[PDB]
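For reference, the structure discussed in these notes is given below.
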Amino acid sequence: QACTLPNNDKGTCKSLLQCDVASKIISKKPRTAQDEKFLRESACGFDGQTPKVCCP
């Protein structure tokens, strides 16, 4: 589905295992709390079991 990023410029919404950029971050190395808030903020979902992320 198409979601609107925090900047409001239209985008796409998918899990955290589809986006190429998102995939590199998960397999990169670093993973602090700041990363969770960023993905949590750019997520078109209010669920805890089913995580989501917005990718332009």
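Identifiers in the structure tokens: chain A, B, ... in order shown; residue index from 1 per chain; ligand index from 1 in order shown.
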* To do: as a PyMOL selection string, please: all residues of chain A that backbone DSSP puts in helix (DSSP H, G or I).
  => chain A and resi 20-28+33-41
Once you have the residues from the selection above, write them out as a PDB file, in the first residue's frame, restricted to N, CA, C and O atoms.
ATOM      1  N   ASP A  20      15.102  -2.571  -0.077  1.00  0.00           N
ATOM      2  CA  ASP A  20      16.525  -2.833  -0.246  1.00  0.00           C
ATOM      3  C   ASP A  20      17.346  -2.087   0.799  1.00  0.00           C
ATOM      4  O   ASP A  20      18.276  -2.640   1.383  1.00  0.00           O
ATOM      5  N   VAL A  21      16.987  -0.833   1.033  1.00  0.00           N
ATOM      6  CA  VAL A  21      17.684  -0.012   2.014  1.00  0.00           C
ATOM      7  C   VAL A  21      17.443  -0.539   3.421  1.00  0.00           C
ATOM      8  O   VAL A  21      18.358  -0.608   4.236  1.00  0.00           O
ATOM      9  N   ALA A  22      16.202  -0.918   3.691  1.00  0.00           N
ATOM     10  CA  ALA A  22      15.834  -1.450   4.995  1.00  0.00           C
ATOM     11  C   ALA A  22      16.539  -2.776   5.254  1.00  0.00           C
ATOM     12  O   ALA A  22      16.935  -3.071   6.380  1.00  0.00           O
ATOM     13  N   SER A  23      16.686  -3.573   4.201  1.00  0.00           N
ATOM     14  CA  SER A  23      17.336  -4.873   4.309  1.00  0.00           C
ATOM     15  C   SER A  23      18.820  -4.732   4.637  1.00  0.00           C
ATOM     16  O   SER A  23      19.380  -5.542   5.374  1.00  0.00           O
ATOM     17  N   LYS A  24      19.455  -3.705   4.083  1.00  0.00           N
ATOM     18  CA  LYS A  24      20.878  -3.476   4.321  1.00  0.00           C
ATOM     19  C   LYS A  24      21.128  -3.025   5.757  1.00  0.00           C
ATOM     20  O   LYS A  24      22.165  -3.341   6.343  1.00  0.00           O
ATOM     21  N   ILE A  25      20.176  -2.290   6.322  1.00  0.00           N
ATOM     22  CA  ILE A  25      20.301  -1.802   7.691  1.00  0.00           C
ATOM     23  C   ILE A  25      20.189  -2.951   8.691  1.00  0.00           C
ATOM     24  O   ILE A  25      20.862  -2.958   9.721  1.00  0.00           O
ATOM     25  N   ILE A  26      19.336  -3.919   8.378  1.00  0.00           N
ATOM     26  CA  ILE A  26      19.139  -5.073   9.246  1.00  0.00           C
ATOM     27  C   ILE A  26      20.331  -6.021   9.174  1.00  0.00           C
ATOM     28  O   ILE A  26      20.648  -6.711  10.142  1.00  0.00           O
ATOM     29  N   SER A  27      20.990  -6.050   8.020  1.00  0.00           N
ATOM     30  CA  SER A  27      22.148  -6.913   7.819  1.00  0.00           C
ATOM     31  C   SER A  27      23.455  -6.122   7.902  1.00  0.00           C
ATOM     32  O   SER A  27      24.538  -6.688   7.759  1.00  0.00           O
ATOM     33  N   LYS A  28      23.350  -4.815   8.135  1.00  0.00           N
ATOM     34  CA  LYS A  28      24.528  -3.962   8.234  1.00  0.00           C
ATOM     35  C   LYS A  28      25.379  -4.350   9.439  1.00  0.00           C
ATOM     36  O   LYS A  28      26.357  -5.086   9.311  1.00  0.00           O
ATOM     37  N   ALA A  33      18.706   2.051  19.718  1.00  0.00           N
ATOM     38  CA  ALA A  33      17.321   2.434  19.957  1.00  0.00           C
ATOM     39  C   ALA A  33      16.872   3.516  18.980  1.00  0.00           C
ATOM     40  O   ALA A  33      15.705   3.569  18.593  1.00  0.00           O
ATOM     41  N   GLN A  34      17.805   4.378  18.590  1.00  0.00           N
ATOM     42  CA  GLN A  34      17.503   5.462  17.664  1.00  0.00           C
ATOM     43  C   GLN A  34      16.986   4.918  16.334  1.00  0.00           C
ATOM     44  O   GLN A  34      16.155   5.543  15.676  1.00  0.00           O
ATOM     45  N   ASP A  35      17.482   3.748  15.947  1.00  0.00           N
ATOM     46  CA  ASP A  35      17.067   3.121  14.699  1.00  0.00           C
ATOM     47  C   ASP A  35      15.630   2.619  14.790  1.00  0.00           C
ATOM     48  O   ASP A  35      14.881   2.664  13.813  1.00  0.00           O
ATOM     49  N   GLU A  36      15.254   2.131  15.968  1.00  0.00           N
ATOM     50  CA  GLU A  36      13.908   1.611  16.187  1.00  0.00           C
ATOM     51  C   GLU A  36      12.871   2.726  16.150  1.00  0.00           C
ATOM     52  O   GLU A  36      11.771   2.545  15.626  1.00  0.00           O
ATOM     53  N   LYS A  37      13.220   3.877  16.707  1.00  0.00           N
ATOM     54  CA  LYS A  37      12.308   5.012  16.725  1.00  0.00           C
ATOM     55  C   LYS A  37      12.097   5.549  15.314  1.00  0.00           C
ATOM     56  O   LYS A  37      10.994   5.956  14.952  1.00  0.00           O
ATOM     57  N   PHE A  38      13.165   5.545  14.525  1.00  0.00           N
ATOM     58  CA  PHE A  38      13.096   6.028  13.153  1.00  0.00           C
ATOM     59  C   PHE A  38      12.185   5.143  12.313  1.00  0.00           C
ATOM     60  O   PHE A  38      11.345   5.638  11.559  1.00  0.00           O
ATOM     61  N   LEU A  39      12.345   3.834  12.452  1.00  0.00           N
ATOM     62  CA  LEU A  39      11.520   2.891  11.707  1.00  0.00           C
ATOM     63  C   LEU A  39      10.103   2.884  12.265  1.00  0.00           C
ATOM     64  O   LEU A  39       9.131   2.751  11.521  1.00  0.00           O
ATOM     65  N   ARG A  40       9.996   3.046  13.579  1.00  0.00           N
ATOM     66  CA  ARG A  40       8.700   3.074  14.244  1.00  0.00           C
ATOM     67  C   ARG A  40       7.920   4.319  13.839  1.00  0.00           C
ATOM     68  O   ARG A  40       6.699   4.277  13.687  1.00  0.00           O
ATOM     69  N   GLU A  41       8.635   5.426  13.665  1.00  0.00           N
ATOM     70  CA  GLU A  41       8.014   6.688  13.277  1.00  0.00           C
ATOM     71  C   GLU A  41       7.582   6.656  11.814  1.00  0.00           C
ATOM     72  O   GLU A  41       6.572   7.253  11.441  1.00  0.00           O
TER      73      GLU A  41
END
Would you list, as a PDB file with N, CA, C and O atoms, in the first residue's frame, the residues of chain A that end up in strand (DSSP E or B) under DSSP run on this structure's backbone?
ATOM      1  N   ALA A   2       0.294   2.359  -0.485  1.00  0.00           N
ATOM      2  CA  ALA A   2       1.011   3.626  -0.540  1.00  0.00           C
ATOM      3  C   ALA A   2       0.790   4.439   0.730  1.00  0.00           C
ATOM      4  O   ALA A   2      -0.346   4.751   1.089  1.00  0.00           O
ATOM      5  N   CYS A   3       1.881   4.780   1.409  1.00  0.00           N
ATOM      6  CA  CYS A   3       1.804   5.558   2.641  1.00  0.00           C
ATOM      7  C   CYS A   3       2.472   6.918   2.472  1.00  0.00           C
ATOM      8  O   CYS A   3       3.198   7.150   1.506  1.00  0.00           O
ATOM      9  N   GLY A  11       4.373   7.723  -0.715  1.00  0.00           N
ATOM     10  CA  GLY A  11       5.343   6.644  -0.679  1.00  0.00           C
ATOM     11  C   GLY A  11       4.691   5.278  -0.590  1.00  0.00           C
ATOM     12  O   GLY A  11       3.473   5.153  -0.706  1.00  0.00           O
ATOM     13  N   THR A  12       5.509   4.251  -0.385  1.00  0.00           N
ATOM     14  CA  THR A  12       5.017   2.882  -0.279  1.00  0.00           C
ATOM     15  C   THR A  12       5.266   2.326   1.119  1.00  0.00           C
ATOM     16  O   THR A  12       6.257   2.666   1.760  1.00  0.00           O
ATOM     17  N   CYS A  13       4.361   1.473   1.588  1.00  0.00           N
ATOM     18  CA  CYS A  13       4.493   0.883   2.915  1.00  0.00           C
ATOM     19  C   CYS A  13       4.606  -0.635   2.837  1.00  0.00           C
ATOM     20  O   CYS A  13       3.723  -1.311   2.312  1.00  0.00           O
ATOM     21  N   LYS A  14       5.703  -1.161   3.371  1.00  0.00           N
ATOM     22  CA  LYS A  14       5.944  -2.599   3.375  1.00  0.00           C
ATOM     23  C   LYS A  14       6.670  -3.015   4.649  1.00  0.00           C
ATOM     24  O   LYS A  14       7.156  -2.172   5.400  1.00  0.00           O
ATOM     25  N   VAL A  53       7.041  -0.610   7.790  1.00  0.00           N
ATOM     26  CA  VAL A  53       7.933   0.498   7.468  1.00  0.00           C
ATOM     27  C   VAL A  53       7.515   1.185   6.172  1.00  0.00           C
ATOM     28  O   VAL A  53       6.995   0.545   5.258  1.00  0.00           O
ATOM     29  N   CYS A  54       7.746   2.492   6.100  1.00  0.00           N
ATOM     30  CA  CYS A  54       7.395   3.267   4.915  1.00  0.00           C
ATOM     31  C   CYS A  54       8.624   3.526   4.052  1.00  0.00           C
ATOM     32  O   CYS A  54       9.627   4.061   4.522  1.00  0.00           O
ATOM     33  N   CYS A  55       8.539   3.140   2.782  1.00  0.00           N
ATOM     34  CA  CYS A  55       9.640   3.327   1.847  1.00  0.00           C
ATOM     35  C   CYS A  55       9.175   4.095   0.610  1.00  0.00           C
ATOM     36  O   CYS A  55       8.335   3.610  -0.147  1.00  0.00           O
TER      37      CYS A  55
END
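In this structure, CA of residue 17 (chain A) sits 16.4 Å away from CA of residue 47 (chain A).
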* Between CA of residue 31 (chain A) and CA of residue 1 (chain A), measure the distance and give it in Å to one decimal. => 26.4 Å
